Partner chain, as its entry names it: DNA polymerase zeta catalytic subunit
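Quick setup: one chain, the form solved without its partner chain, written in structure tokens, and binding and motion questions come after.
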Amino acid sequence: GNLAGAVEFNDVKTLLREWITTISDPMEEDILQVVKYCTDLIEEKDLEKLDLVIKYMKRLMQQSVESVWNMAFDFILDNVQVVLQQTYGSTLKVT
């Protein structure tokens, strides 16, 4: 359940809260890390906690909407939804 080094569910929330608001953040690989985690949690069917991460990343990318984070919102949402169309056949509507 590790995500950006954060092991616990409260840790990933607080750490990715910092990652988005305080960092110069690197190439889109770091966004695709959370996309990979969405795909893994899709295989493992732990989408309970992954929905938590999606809706909180919606919150944060909408609150920190500045160029790369605006683009990261569309990138993160779309990629989770296409893999969720592959497995479940429906798109997760956090909005």
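Residue numbers count along the first chain shown, from 1.
Separately, the form deposited with its partner chain bound exists; it is not shown, and the next lines address it.
Its partner chain in the deposited complex comes within 4.5 Å of no heavy atom belonging to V68. Its partner chain is not drawn, but in the deposited complex it has a heavy atom within 4.5 Å of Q33. Residues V83, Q86, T87 of 67-90 are found to place at least one heavy atom within 4.5 Å of its partner chain in the deposited complex.
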